[PDB]
Enquirer: 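Before I ask anything, let me first share the structure, which is written out below as structure tokens.
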Protein chains: 4
Amino acid sequence: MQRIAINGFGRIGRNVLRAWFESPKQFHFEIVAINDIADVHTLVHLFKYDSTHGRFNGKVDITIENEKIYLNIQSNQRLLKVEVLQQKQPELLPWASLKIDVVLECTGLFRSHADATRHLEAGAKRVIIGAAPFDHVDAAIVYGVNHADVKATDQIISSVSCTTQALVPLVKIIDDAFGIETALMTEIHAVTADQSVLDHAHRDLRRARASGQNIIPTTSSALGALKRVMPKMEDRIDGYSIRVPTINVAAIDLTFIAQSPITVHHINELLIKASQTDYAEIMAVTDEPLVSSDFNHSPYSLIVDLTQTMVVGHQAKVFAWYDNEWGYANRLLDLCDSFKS
Amino acid sequence: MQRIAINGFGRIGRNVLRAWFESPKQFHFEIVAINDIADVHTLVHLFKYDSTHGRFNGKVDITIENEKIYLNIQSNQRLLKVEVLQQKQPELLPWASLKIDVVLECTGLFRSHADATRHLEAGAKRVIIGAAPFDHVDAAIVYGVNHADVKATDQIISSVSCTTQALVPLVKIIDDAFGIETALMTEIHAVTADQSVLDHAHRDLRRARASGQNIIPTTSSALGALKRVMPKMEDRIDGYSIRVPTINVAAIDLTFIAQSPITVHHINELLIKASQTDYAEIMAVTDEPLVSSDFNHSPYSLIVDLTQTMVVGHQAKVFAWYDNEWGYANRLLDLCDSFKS
Amino acid sequence: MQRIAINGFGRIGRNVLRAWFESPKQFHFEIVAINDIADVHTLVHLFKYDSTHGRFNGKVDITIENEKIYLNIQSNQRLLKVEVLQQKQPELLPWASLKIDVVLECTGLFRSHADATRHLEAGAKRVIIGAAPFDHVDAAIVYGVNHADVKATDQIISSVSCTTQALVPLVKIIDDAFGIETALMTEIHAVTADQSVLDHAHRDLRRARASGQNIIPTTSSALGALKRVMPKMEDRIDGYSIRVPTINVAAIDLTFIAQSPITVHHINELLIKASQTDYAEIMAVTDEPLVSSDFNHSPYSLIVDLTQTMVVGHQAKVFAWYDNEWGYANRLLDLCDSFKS
Amino acid sequence: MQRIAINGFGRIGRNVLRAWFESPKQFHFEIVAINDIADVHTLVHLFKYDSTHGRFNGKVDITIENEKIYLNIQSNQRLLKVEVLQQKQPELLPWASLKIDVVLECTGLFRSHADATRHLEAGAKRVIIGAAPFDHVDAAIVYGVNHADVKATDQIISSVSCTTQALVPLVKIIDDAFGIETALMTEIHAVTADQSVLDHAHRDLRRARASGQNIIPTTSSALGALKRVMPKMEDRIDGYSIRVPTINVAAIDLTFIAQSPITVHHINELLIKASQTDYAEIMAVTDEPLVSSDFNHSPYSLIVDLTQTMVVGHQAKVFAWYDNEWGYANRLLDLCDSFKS
Ligand SMILES: NC(=O)c1ccc[n+]([C@@H]2O[C@H](COP(=O)([O-])OP(=O)(O)OC[C@H]3O[C@@H](n4cnc5c(N)ncnc54)[C@H](O)[C@@H]3O)[C@@H](O)[C@H]2O)c1
Ligand SMILES: NC(=O)c1ccc[n+]([C@@H]2O[C@H](COP(=O)([O-])OP(=O)(O)OC[C@H]3O[C@@H](n4cnc5c(N)ncnc54)[C@H](O)[C@@H]3O)[C@@H](O)[C@H]2O)c1
Ligand SMILES: NC(=O)c1ccc[n+]([C@@H]2O[C@H](COP(=O)([O-])OP(=O)(O)OC[C@H]3O[C@@H](n4cnc5c(N)ncnc54)[C@H](O)[C@@H]3O)[C@@H](O)[C@H]2O)c1
Ligand SMILES: NC(=O)c1ccc[n+]([C@@H]2O[C@H](COP(=O)([O-])OP(=O)(O)OC[C@H]3O[C@@H](n4cnc5c(N)ncnc54)[C@H](O)[C@@H]3O)[C@@H](O)[C@H]2O)c1
């Protein structure tokens with residue numbers, strides 16, 4: 001079967017591996033290697049114990065065989081033997097000897113076409129950048145929207161961002177049915193790994209500020225990314241993100257001008273229908289009075305909160321939740337599974 | 001020289017009293033009484049020691065006469081003697097004896113014209129409900145917008161909500177310059193006194209949930225209230241509020257459809273000129289990369305973050321911060337000071 | 001079976017019901033009624049969605065049959081039909097007709113022997129007060145330490161507190177092995193339901209204070225409680241609790257003077273042996289560097305953290321974790337199960 | 001007079017410069033230079049805007065005179081002109097040219113005697129290491145305890161840690177009056193800048209875990225530092241630190257065995273008397289029902305909470321609060337002032 005490697009064993013990388021074991025349906029590929037600059041004992045500890053998603057429900061054993069380090073991981077009636085590497089320079093990875101079909105690049109540091117190619121140079125056949133593109137990519141994929149357009153020549157694929165995987169379906173479903181003149185996105189997002197505990201020097205002066213204390217407005221990569229998947233939306237959408245002191249789960253607030261008559265009732269019926277048919281793999285809709293923690297560990301790319309839909313004149317707002325870690329992780333698995341042979 | 005009383009000595013009431021002392025402008029009226037169901041010792045302790053605004057910078061003496069109880073408060077070279085009451089039923093209050101010109105109704109429990117009138121029965125001349133009207137009021141006021149529309153005959157007045165006091169200026173300023181077809185508000189708000197520590201039974205199933213752990217979408221009274229202050233915008237505005245785990249300070253995100261040509265530059269230029277002329281009392285504008293904490297203890301009704309301004313087609317989004325406790329409290333005092341002859 | 005009822009469907013009562021459903025081994029008694037002052041739609045909503053313990057992994061359907069309200073709950077191959085009451089006065093509850101064998105008193109309001117006897121008046125055969133004794137009880141019980149002391153004639157039983165169910169085993173084990181001259185406890189505890197979101201009037205001026213913003217030292221009922229369970233330890237142990245901004249899980253820091261030679265090694269070995277033999281049902285020991293969230297949803301009364309153990313001379317500190325909600329709730333069900341068996 | 005420089009403009013460096021402006025006492029020395037790896041704009045931003053201590057009540061102007069960058073700072077009727085540097089390696093700094101009497105080494109990185117001497121190599125006469133010693137120092141000083149013991153020839157001084165400056169007075173006073181056989185310390189501490197936002201690789205597997213979600217036991221440097229100030233206490237004292245989700249302020253809980261008769265009353269009288277005489281510069285005592293936020297921006301090294309004092313037999317516990325940032329910063333300024341003699 002396909003052989004996947006993970007580069008960067010962080011929030012995303014770890015959750016990717018966890019989600020593999022937890023999936024109700026076994027995936028027709030294996031994760032055979034991981035790479036991080038941190039040492040193996042640190043990685044196994046963080047893999048096993050998570051403040052957000054709880055204890056890994058399984059067993060992990062470190063072995064040294066030849067001069068190589070492996071994890072033997074057993075859970076949910078599955079076992080993976082996974083080689084562990086510690087190489088800060090992607091070009092030096094052994095992807096050639098490990099026969100790596102797909103690298104998931106989850107470090108945040110190799111988003112450029114050139115940087116991503118280092119894995120190719122190392123002998124991997126395909127990279128998925130687990131982030132919005134920086135400059136160029138062969139393809140920008142949202143699973144469940146355009147994963148069928150991947151061609152065998154697409155070697156550098158971006159799986160965009162949590163935010164994009166939620167925004168893109170909403171925009172598409174709604175634009176397809178009612179037509180969107182323009183739209184503006186407000187995201188309300190849990191804290192991220194790159195924020196600060198206390199006020200501290202940082203590249204961004206807002207993300208420098210104490211994350212547990214502040215409401216922090218910041219930029220979002222999701223708009224640039226959406227425009228690469230839907231170029232027709234150029235100059236028709238913008239937005240930003242707001243970090244707030246929760247550990248996980250985010251929401252998108254999308255405000256649009258419709259090109260045809262809208263009611264709350266019709267918007268919701270459209271989204272329900274979308275969720276039951278074409279987008280059932282990735283989208284749910286709820287009518288219950290729920291809050292962020294209710295969607296922690298949810299595998300959906302988005303869960304529309306139909307109770308928040310509002311219309312005034314031609315202007316509407318819709319609202320969807322997502323687990324920004326578990327949704328994304330599951331979509332990386334789904335995406336890999338879609339490559340088939 | 002008017003005589004103000006405060007009913008409900010909570011986040012708003014205490015802050016009103018503090019703001020009187022801390023104001024660089026000395027007000028003409030005196031605060032001469034306060035009432036709460038809690039005893040004076042609890043009241044003075046919470047007045048002195050505040051988790052949000054810090055230690056009160058002054059001296060509080062409690063005096064027990066045969067009958068009456070008084071605080072003697074000294075700070076910033078000002079002195080008040082303040083009778084303290086403990087009467088749950090506002091009709092039984094001795095406002096007649098005390099010659100109360102204005103009661104500030106800060107309990108959250110007496111917003112109906114009926115309930116507000118309990119203070120008129122107890123002997124007060126005028127009541128300012130410190131919230132959105134529940135049904136009828138002689139006037140709904142946003143200081144710095146329609147405070148002159150108060151008639152010397154008006155007895156039951158509403159100072160609406162913090163949210164309203166920020167929404168209305170924005171909507172007014174933008175409607176007057178560009179025209180607003182429709183607008184939709186997203187408020188991102190610190191937790192409030194009525195929320196829950198842990199998941200607990202509550203009249204509102206969203207506010208029942210742990211306030212420190214969750215992003216919580218909920219209703220805003222601001223929209224109902226804005227209709228009263230500006231009935232020309234009936235059915236043109238809607239919105240909601242999101243609670244997040246910060247202790248204080250909020251932001252409004254207003255997305256509108258303009259009726260004439262707009263750019264980021266033009267919108268900002270207008271908001272700047274407004275803050276420098278007609279609205280300099282209640283409004284500021286910044287371009288510095290700030291976050292919620294930086295507005296704690298700010299007395300402004302709103303501070304526009306101009307770097308957040310966005311335009312797509314006929315649609316735009318503006319963003320303003322406000323201290324939901326300190327701005328409102330200052331606006332109550334400003335309102336009381338407007339009644340002066 | 002035996003027939004249990006829960007009085008007060010809060011953090012404890014709701015977790016008791018959940019724990020009934022989640023226990024790997026099925027309990028051989030049924031929960032047949034719950035009572036609370038909140039309406040049934042609020043109860044069912046909070047039972048299904050939990051900020052701390054996640055979604056209930058099952059289905060709940062409300063039915064009206066006669067004039068009676070029922071919950072039909074399905075989870076883990078198990079079914080209960082549970083009558084819902086809403087009676088603020090326990091003497092008025094229909095325990096006679098429901099043939100209640102045990103009431104779990106989980107409101108915090110009926111801890112006195114008199115208050116608790118009201119359930120007996122209503123026709124229940126036995127009450128467990130899910131709190132420290134207020135004045136008198138027939139028995140004060142720590143499951144796993146002295147639950148075999150319950151007499152057939154005992155009708156008002158205290159299951160003490162979470163803190164007590166952790167402290168008592170620790171003291172008993174160390175005292176039996178090395179002897180305790182004296183000991184002092186510091187508990188670090190997540191926020192509880194009776195605290196405040198913002199600074200607010202309260203009967204206790206420390207629990208008045210914003211629970212998300214502060215370290216708040218307060219009293220504990222566990223020292224009084226331990227005295228009832230182990231009278232020899234009168235005048236030998238004291239302590240207190242600190243509330244900190246986490247949502248669940250606590251720790252005991254116990255400092256004791258030993259009456260015989262001690263080392264870190266010998267203390268940890270003892271605690272381990274105890275957890276593997278006599279205390280296996282309620283006690284675990286870990287050697288890994290774990291934090292509070294790693295014990296969320298743990299059913300143990302205590303998990304000793306052997307990395308924390310310190311000795312200087314004759315003085316020693318031990319440290320144990322517990323899920324204050326889930327442990328206690330499991331112990332309630334274990335206690336009920338003990339009467340049957 | 002005397003010329004100070006700050007190496008590292010973080011929580012400590014920044015608060016030292018703020019504390020300089022805010023001190024009621026005007027200090028007989030000037031801060032004439034700061035160095036950080038971050039650019040001047042970030043530094044000035046973080047000096048002006050603080051999530052913990054609020055906005056600097058003053059003005060800062062950046063000028064470029066020659067090719068040198070300077071901050072013109074004005075606050076509290078006082079002025080400084082501070083050169084800004086951006087050198088990653090201390091030996092390169094221009095201390096000789098600038099005529100630096102004392103460098104405050106606040107990076108956390110140059111705590112070895114060797115790394116510290118790099119500043120003396122750079123032309124500084126004296127370094128204070130603003131942290132516990134790594135290997136050797138000429139003197140480990142707790143201001144208000146042993147600062148008289150600095151020799152004019154001492155060149156590499158440690159001002160220990162925040163925790164050390166609260167613990168040492170407590171230990172000394174109690175040991176002096178009553179004799180301490182042994183003692184154990186539990187510190188309850190706000191989060192610190194080296195902690196994690198989310199679960200992230202870290203040298204310390206505990207400090208790896210999400211800082212806003214968890215109670216986190218970890219090591220304290222204070223025991224090693226205290227044994228350098230009081231070698232007699234070797235083998236007689238140990239302890240640790242628990243990090244909890246607050247932004248600032250900590251407490252020490254000291255459990256000790258007394259060598260002579262003790263009561264609560266006598267321990268409290270002692271600590272009170274100490275605070276009023278020989279420790280009046282650094283120590284206070286309160287019996288008010290206060291919480292962490294009430295000691296934010298307190299300049300004391302420790303504030304004893306006398307209500308927390310417990311005695312059982314020969315064992316006692318005391319409790320003291322401190323602002324871990326603002327206390328230490330003031331003690332740094334106080335130590336520099338002591339060198340004028
Ligand atoms: N977390 C989310 O909600 C979310 C959602 C969508 C996309 N993303 C993206 O995922 C990426 C990673 O974010 P995260 O939250 O997992 O962050 P993280 O900081 O938890 O992960 C970074 C990891 O990479 C490792 N690493 C750093 N440099 C390395 C190198 N040179 N070689 C190998 N390993 C290296 C680090 O040790 C760490 O384990 C970012 O690009 C982020 O935008 C995150
Ligand atoms: N907090 C904000 O940011 C904000 C801003 C604008 C308006 N408001 C409004 O201000 C009002 C009060 O809100 P708050 O945040 O001060 O709440 P709070 O809970 O802090 O204040 C309520 C106070 O009223 C007292 N009280 C209760 N019953 C009483 C009675 N029968 N008689 C007298 N006092 C009684 C309570 O003891 C308490 O001190 C509400 O209408 C709220 O919507 C709040
Ligand atoms: N939560 C813990 O960590 C913990 C652990 C051990 C013991 N306890 C004890 O258990 C008790 C309950 O605390 P909790 O955390 O579940 O609190 P909670 O506030 O979550 O639960 C109280 C519940 O009782 C209901 N109630 C109120 N009045 C009632 C009445 N007259 N009749 C029936 N129901 C009524 C409330 O509506 C609410 O559902 C307290 O005595 C507490 O000290 C709590
Ligand atoms: N904050 C506290 O509560 C406290 C109290 C006592 C002691 N300390 C100790 O003080 C030290 C620093 O702590 P902090 O909280 O101020 O940390 P911080 O991380 O907030 O500040 C460190 C600063 O040093 C700068 N820096 C890094 N490398 C540098 C270099 N080579 N040259 C110049 N600047 C450099 C960083 O950019 C940053 O501004 C640590 O040893 C800490 O343990 C902290």
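Order of listing sets the numbers, starting from 1, for every ligand and every atom in it. Convention: sequence-line order gives letters A, B, ...; per-chain numbering from 1.
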Enquirer: Test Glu325(D) against every option in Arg11(D), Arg14(D), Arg331(D) by the salt bridge (charged side-chain N to carboxylate O under 4.0 Å, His left out) rule and name the one that passes.
Expert: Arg11(D)
Enquirer: Among protein heavy atoms, which lies nearest atom 19 (O) of ligand 2, and at what distance?
Expert: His200(C) NE2, 3.0 Å
Enquirer: Determine whether the side chains of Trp95(B) and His119(B) contain a donor N or O and an acceptor N or O closer than 3.5 Å.
Expert: yes
Enquirer: Considering non-hydrogen atoms of the protein only, which is the closest contact for atom 41 (O) of ligand 1, and what is the distance?
Expert: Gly108(A) CA, 3.3 Å
Enquirer: Is there a side chain to side chain contact (heavy atoms under 4.5 Å, CB included) between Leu43(D) and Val84(D) once you walk through the steps?
Expert: CA-CA 9 Å; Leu43(D) 294 188; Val84(D) 188; 4.2 Å; yes
Enquirer: Would you mind running through ligand 4 and noting each atom that sits below 4.0 Å from a heavy atom of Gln87(D)?
Expert: 32 (N)
Enquirer: Under 3.5 Å, is there a donor-acceptor pair linking the side chains of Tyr328(A) and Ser161(A)?
Expert: no
Enquirer: Please write down residue, atom name and distance for the protein heavy atom closest to atom 13 (O) of ligand 1.
Expert: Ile12(A) CG1, 4.4 Å
Enquirer: Of all the atoms in ligand 2, which lie at a distance below 4.0 Å from a heavy atom belonging to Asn35(B)?
Expert: 33 (C)
Enquirer: Do any N/O atoms on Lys88(D) end up under 3.5 angstrom from N/O atoms on ligand 4?
Expert: yes
Enquirer: Would you call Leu332(B) and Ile12(B) a side-chain contact if the rule is heavy atoms closer than 4.5 Å?
Expert: yes
Enquirer: On a heavy-atom basis, I'd like to know which of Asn324(A), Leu109(A), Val191(A), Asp199(D) is closest to atom 28 (N) of ligand 1.
Expert: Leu109(A)
Enquirer: Indicate the ring-plane relationship of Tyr322(D) and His189(D), choosing parallel, tilted or perpendicular according to the 30° and 60° boundaries.
Expert: perpendicular
Enquirer: So is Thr192(B) close enough to ligand 2, meaning a heavy atom under 4.0 angstrom away?
Expert: no
Enquirer: If we only count N/O pairs under 3.5 Å, is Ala131(B) in contact with ligand 2?
Expert: no
Enquirer: Show me which atoms of ligand 4 lie under 4.0 Å from any heavy atom of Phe9(D).
Expert: 39 (O)
Enquirer: In terms of residue, atom name and distance, what is the protein heavy atom nearest to atom 35 (C) of ligand 2?
Expert: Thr107(B) CG2, 3.6 Å
Enquirer: Tell me which part of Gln89(A) gets within contact of ligand 1: side chain, backbone, both or neither, using heavy atoms under 4.0 Å.
Expert: neither
Enquirer: What distance separates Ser158(B) OG from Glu105(B) CD, expressed to the nearest 0.5 Å?
Expert: 11.5 Å
Enquirer: For the residue pair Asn324(D) and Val249(D), what are the closest heavy atoms and their distance?
Expert: OD1-N, 2.7 Å
Enquirer: Consider only side-chain N and O atoms of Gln87(A) and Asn35(A), and report whether a donor and an acceptor are under 3.5 Å apart.
Expert: no
Enquirer: Is the contact between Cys106(D) and ligand 4 made by the side chain, the backbone, both, or neither, using heavy atoms and a 4.0 Å cut-off?
Expert: backbone
Enquirer: Closest non-hydrogen protein atom to atom 24 (O) of ligand 2, residue and atom name please, with distance?
Expert: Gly8(B) CA, 3.6 Å
Enquirer: Looking only at protein heavy atoms, identify the closest one to atom 17 (O) of ligand 1 and say how far it is in Å.
Expert: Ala193(A) CB, 3.9 Å
Enquirer: Looking at atom 37 (O) of ligand 4, what's its closest protein heavy atom, distance included?
Expert: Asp36(D) OD1, 2.6 Å
Enquirer: Just by distance, no angles: are the side chains of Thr218(A) and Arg207(A) close enough, under 3.5 Å, to form a donor-acceptor pair?
Expert: yes
Enquirer: Among all protein non-hydrogen atoms, which one is nearest to atom 6 (C) of ligand 1, and what is the separation to 0.1 Å?
Expert: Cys162(A) N, 3.3 Å
Enquirer: With a cutoff of 4.0 Å, is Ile37(A) in contact with ligand 1, counting heavy atoms of the residue only?
Expert: yes
Enquirer: Which atoms of ligand 2 have any heavy atom of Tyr328(B) under 4.0 Å away?
Expert: 6 (C), 7 (C)
Enquirer: Indicate yes or no: does an N/O atom of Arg11(B) lie under 3.5 Å from an N/O atom of ligand 2?
Expert: yes
Enquirer: Kindly determine whether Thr192(D) and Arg243(D) satisfy side chain to side chain donor-acceptor pair (under 3.5 Å), including the steps that lead there.
Expert: CA-CA 8 Å; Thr192(D) 61; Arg243(D) 311 308 186 72; 2.7 Å; yes
Enquirer: For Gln165(A) and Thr163(A), which I'm curious about, is there any donor-acceptor pair between the side chains at under 3.5 Å?
Expert: no
Enquirer: Would a search of protein heavy atoms around atom 33 (C) of ligand 4 find one under 4.0 Å away?
Expert: yes
Enquirer: Under 3.5 Å, is there a donor-acceptor pair linking the side chains of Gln195(B) and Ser211(B)?
Expert: no
Enquirer: Please determine, by modelled atom types, if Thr52(D) and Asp199(A) share a side-chain donor-acceptor pair under 3.5 angstrom.
Expert: no
Enquirer: Nearest to atom 10 (O) of ligand 4, what protein heavy atom do you find, and at what distance?
Expert: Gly130(D) O, 3.4 Å
Enquirer: Determine whether the side chain, the backbone, both or neither of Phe110(D) has a heavy atom under 4.0 Å from any heavy atom of ligand 4.
Expert: side chain
Enquirer: Any idea which protein heavy atom is nearest atom 21 (O) of ligand 1, and the distance to it?
Expert: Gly10(A) CA, 3.3 Å
Enquirer: A side-chain contact here means heavy atoms from C-beta on lying under 4.5 Å apart; do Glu91(D) and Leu93(D) qualify?
Expert: no
Enquirer: Taking atom 39 (O) of ligand 4 as the reference point, report whether a protein heavy atom occurs under 4.0 Å from it.
Expert: yes
Enquirer: May I ask you to check if ligand 2 and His189(B) share an N or O to N or O distance below 3.5 Å?
Expert: no
Enquirer: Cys106(D) and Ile6(D): which non-hydrogen atoms are nearest, and at how many Å?
Expert: SG-CG2, 4.3 Å
Enquirer: In the complex you have, is atom 43 (O) of ligand 1 within reach of the protein, judged by whether a heavy-atom distance drops under 4.0 Å?
Expert: no
Enquirer: Pairs of nitrogen or oxygen atoms closer than 3.5 Å, one from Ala38(A) and one from ligand 1: do any exist?
Expert: no
